[PDB]
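>>> I would like to see how this sequence folds:
(2 chains, ligands or ions: 2)
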Protein chains: 2
Amino acid sequence: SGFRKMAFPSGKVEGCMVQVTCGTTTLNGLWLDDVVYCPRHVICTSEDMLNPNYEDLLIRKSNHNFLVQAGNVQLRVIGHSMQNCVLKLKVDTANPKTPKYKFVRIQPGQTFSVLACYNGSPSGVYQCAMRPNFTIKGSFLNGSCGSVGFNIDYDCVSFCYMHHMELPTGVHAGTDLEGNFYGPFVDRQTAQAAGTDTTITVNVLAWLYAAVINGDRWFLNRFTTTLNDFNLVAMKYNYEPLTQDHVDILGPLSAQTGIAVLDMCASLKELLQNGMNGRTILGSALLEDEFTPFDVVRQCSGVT
Amino acid sequence: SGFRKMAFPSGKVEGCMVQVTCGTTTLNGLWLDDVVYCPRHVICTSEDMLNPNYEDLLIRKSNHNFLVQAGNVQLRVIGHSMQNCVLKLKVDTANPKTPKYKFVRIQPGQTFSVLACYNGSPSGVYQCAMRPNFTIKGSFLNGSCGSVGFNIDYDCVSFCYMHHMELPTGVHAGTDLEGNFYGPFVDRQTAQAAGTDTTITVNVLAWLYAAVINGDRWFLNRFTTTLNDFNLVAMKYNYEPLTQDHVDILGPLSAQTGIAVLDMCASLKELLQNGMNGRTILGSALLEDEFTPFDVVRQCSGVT
Ligand SMILES: Cc1ccc(NC(=O)Nc2cccnc2)s1
Ligand SMILES: Cc1ccc(NC(=O)Nc2cccnc2)s1
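Numbers count the residues shown, from 1 in each chain, chains lettered A, B, ... in the order given. Ligands and ions are numbered 1, 2, ... in the order given. Structure as follows:
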């Protein structure tokens, strides 16, 4: 028992982290096979970032201008190309530590592990969620760009995120491994304000199920609700609407605990309307929305 | 910016995880050099655990009865010995992935990363703290015993914990890598109740400094306090007494933010006396005590 914000083991991703330097800017790159992926803003100065024309800036760069270093050995760059907001640097050596991998584009509400890196050296791993406004609340400093988000399915790493920028509000924006930003963000130092950060309702419900499984049941009430009634209260509290798909996704948790999904919704509804009254759920004084239903089943069954 | 509960990269420790089976019980082992470390309760049945005599149970075991498996290859056990509550199984092959390592015995309040394992396969990594009552609040299921806690200093892994048991209250107990339990716990299925779980005051203060650095300053007040006055309030709230050593340890954070330690204590004192009033600090509705001052400096400077 016990429930923790758990990240995937990072070893498979550590073996892929390299340092990419272009001129005076050094950031992280992802080395899979003979390609190094990194944010295209590696070719910009702090000034260029105000209004960069990446195709024009790129014309002044040659293969030898991108310095790729894995550990302490230099990789030879034999080609370079821009795919949306990421650069793909073709090296002459395939990464001997390349795990089985996929590039995936996740949905808001989905969670992933982040391996925070600096100078191609991993320094920490934490679990994150793609927010409904397509931002992430990470812990990234200058030098962390190119740090990646991933999920592991037994031995295959699905890379879903690459860190690109910090918005004025302290939140983070990045792309999938094809260079496309999550949300409406652009890699330019301009007024980009994130939208409403709504709570991922289905994730909260899954975490309420994890609490029940782990012994915290004080919030279980004698009430029930409908999807429409619950959603009225959810909208008022800036919670994402719950769909029949979410109810279905919660099915295995509903089955394990014997608590119907709609009954758990009524419990959540009272927690919203009345607060925690100074109490904690799984050691938390707020409703946690960074565990998917899949994460709760995984942690509660020990999926390796 | 941004502040997350960050664990060390687990790759160096993944390369050390093996499966140890003795009879019908399978748990995790730590393979460093030619020795496999694991909880001595691998030799017990569910029944033996009521009142085990480990020296007597051990007399019935031979080298060939301990099955050690790394990945999918079997390791040959050429010797076995008991050191306190851990078994050291001498294998004929040194682990080629043995990192530079140390066995350390941490103090309560110290934090560490846990690589939760099942059948010698790592399944998740999270950050933990050794509680002042020598328990840990982990996320461990059956099969997780032998999962280890560690800290990394650049390339040297300091192993500080090995998971052994879950108490009736859902909390966890384990040993350092020399077999000695943290706290008064014993590896026996008996009434073992943990003591008062007090809040690690110096860790809370460090996290208040991290909040200031990351923009959350609403809790900064116009007051100051003394160590004796603050400690009067701290005792009342089941907070550990703050010593001059803790004030000194906070010095670099006090210096970075320009907020004296005693002023931060007065801010904490009002948070204790008045609550959060429905507000959050670093996205948390309670006072977080699982970041040391060293963890805050590390995360805020990007120590790789
Ligand atoms: C619009 C932008 C262009 C380049 C940008 N660079 C960053 O945001 N870097 C950074 C710093 C601190 C934390 N995380 C990331 S922002
Ligand atoms: C006194 C004891 C002897 C053997 C014990 N085995 C465990 O506690 N195992 C376990 C199960 C779930 C979670 N973590 C650990 S307890």
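>>> quick one: residue A:75 and residue A:103, what's the gap?
Going from residue A:75 to residue A:103 by CB to CB, to the nearest Å gives 21 Å. C-betas here are computed from N, CA, C, even on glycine.
>>> neighbour-wise, which of those two wins?
More crowded of residue A:75 and residue A:103, by other CB atoms under 10 Å in any protein chain shown: residue A:75, with 22 against 14.
>>> Starting from residue A:25, give me the distance back to residue A:115.
Separation of residue A:115 from residue A:25 (CB to CB): 20 Å.
>>> So for these two, which sits in the more crowded spot?
Neighbour count, other CB under 10 Å: between residue A:115 and residue A:25, residue A:115 has more, with 27 against 17.
>>> and the helix or strand where that one lies, which strands flank it?
Per DSSP states H and E: residue A:115 is located in strand A:111-118. Strands that pair with strand A:111-118, judged by DSSP bridges, come out as strand A:121-129 (antiparallel), strand A:148-153 (antiparallel).
>>> how about TSV for those, with mean neighbour count added?
As requested, the strands paired with strand A:111-118 are exported to TSV (neighbours: other CB atoms under 10 Å in any protein chain shown):
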stretch	mean neighbour count
strand A:121-129	24
strand A:148-153	22
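>>> Present those strands as CSV; the columns should include distance to ligand 1.
Listed next are the strands paired with strand A:111-118 as CSV, based on distance: least, CB to the nearest ligand atom, whole Å:
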stretch, distance to ligand 1
strand A:121-129, 13
strand A:148-153, 14
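>>> Identify whichever of those lies nearest to residue B:259.
strand A:121-129 (25.0 Å; CB to CB).
>>> Using PDB, write out the CA atom coordinates for that closest one.
The C-alpha coordinates for strand A:121-129 follow below in PDB (Å, rounded to 0.1, in the frame of the first residue of the first chain):
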ATOM      1  CA  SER A 121      23.500  15.200 -18.200                       C
ATOM      2  CA  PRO A 122      20.300  14.100 -16.600                       C
ATOM      3  CA  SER A 123      19.800  15.600 -13.100                       C
ATOM      4  CA  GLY A 124      16.300  14.600 -12.000                       C
ATOM      5  CA  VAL A 125      13.200  12.800 -12.900                       C
ATOM      6  CA  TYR A 126       9.600  13.700 -12.000                       C
ATOM      7  CA  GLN A 127       6.100  12.800 -13.100                       C
ATOM      8  CA  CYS A 128       4.000  15.500 -15.000                       C
ATOM      9  CA  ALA A 129       0.600  15.900 -16.800                       C
END
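>>> Next, count neighbours for residue A:243.
Residue A:243: 13 surrounding residues under other CB under 10 Å.
>>> Run through the residues that contact it.
Residue A:243 sits next to residue A:227 when contact means CB atoms under 8 Å, 6 or more residues apart in numbering or on different chains.
>>> can you give me phi and psi for the closest residue to chain B within chain A?
Chain A approaches chain B most closely through residue A:11 (3.0 Å), counting by CB to the nearest CB. Backbone torsions of residue A:11, given as degrees, to the nearest 10, read phi -50, psi -50.
>>> Over to the one 3 residues further on?
Main-chain dihedrals, residue A:14, degrees, to the nearest 10: phi -60, psi -40.
>>> Chain neighbours aside, what residue packs nearest to it?
Leaving aside its sequence neighbours, residue A:14 sits nearest to residue B:11 (CB to CB, 6 or more residues apart in numbering or on different chains; 4.2 Å).
>>> Likewise for residue A:135?
Nearest residue to residue A:135, sequence neighbours excluded (CB to CB, 6+ apart): residue A:171, at 4.2 Å.
>>> Helix, strand or coil: sort out residue A:79 for me.
strand (DSSP: H, G, I helix; E, B strand; the rest coil).
>>> same thing with residue A:255?
Applying three-state DSSP: residue A:255 is helix.
>>> what's the biggest strand by length in chain A packed up against?
Scanning chain A for the longest strand, with DSSP state E as the assignment, gives strand A:156-166. In terms of contacts (3 or more CB pairs under 8 Å, 6 or more residues apart in numbering or on different chains; DSSP states H and E), strand A:156-166 is packed against strand A:35-39, strand A:100-103, strand A:111-118, strand A:148-153, strand A:172-175.
>>> What is the neighbour count of the residue nearest to residue A:14?
Other residues within reach of residue B:11, judged by other CB under 10 Å, total 24.
>>> before we move on, what about residue A:33?
Neighbours of residue A:33 (other CB under 10 Å): 12.
>>> do residue A:137 as well
17.
>>> Could I get the contacting residues of it?
By CB under 8 Å, 6+ apart, residue A:137 lies in contact with A:128, A:131, A:171, A:172, B:2, B:4, B:283.
>>> Contacts only, for the closest residue to ligand 2 within chain A.
In chain A, the residue found nearest to ligand 2 is residue A:1; the distance is 6.1 Å by CB to the nearest ligand atom. Residues counted as contacts of residue A:1 (CB under 8 Å, 6+ apart) are A:213, A:214, A:215, B:139, B:140, B:141, B:166, B:170.
>>> how near is it to residue B:165?
12 Å.
>>> can you check residue A:152 too?
28 Å.
>>> Then residue A:8?
In terms of CB to CB, residue A:8 sits 26 Å off from residue B:165.
>>> Could you do residue A:33 as well?
From residue A:33 to residue B:165 the distance is 44 Å (CB to CB).
>>> ok, now residue A:56?
Residue A:56 is 63 Å from residue B:165, by CB to CB.
>>> Contact partners for the residue nearest to residue A:14?
Contacts here follow CB under 8 Å, 6+ apart; on that basis residue B:11 touches A:9, A:10, A:11, A:12, A:14, A:15, A:122.
>>> Looking at the residues you listed, which is nearest residue B:278?
residue A:10 (35.8 Å).
>>> who has more neighbours, residue A:56 and residue B:165?
Set residue A:56 next to residue B:165 and count neighbours by other CB under 10 Å: residue B:165 wins out with 22 against 9.
>>> Count the neighbours of the residue nearest to that one when sequence neighbours are not counted for me.
Nearest residue to residue B:165 in three dimensions, chain neighbours excluded: residue B:173, at 5.0 Å (CB to CB, 6+ apart). Applying other CB under 10 Å, we find 23 other residues in the vicinity of residue B:173.
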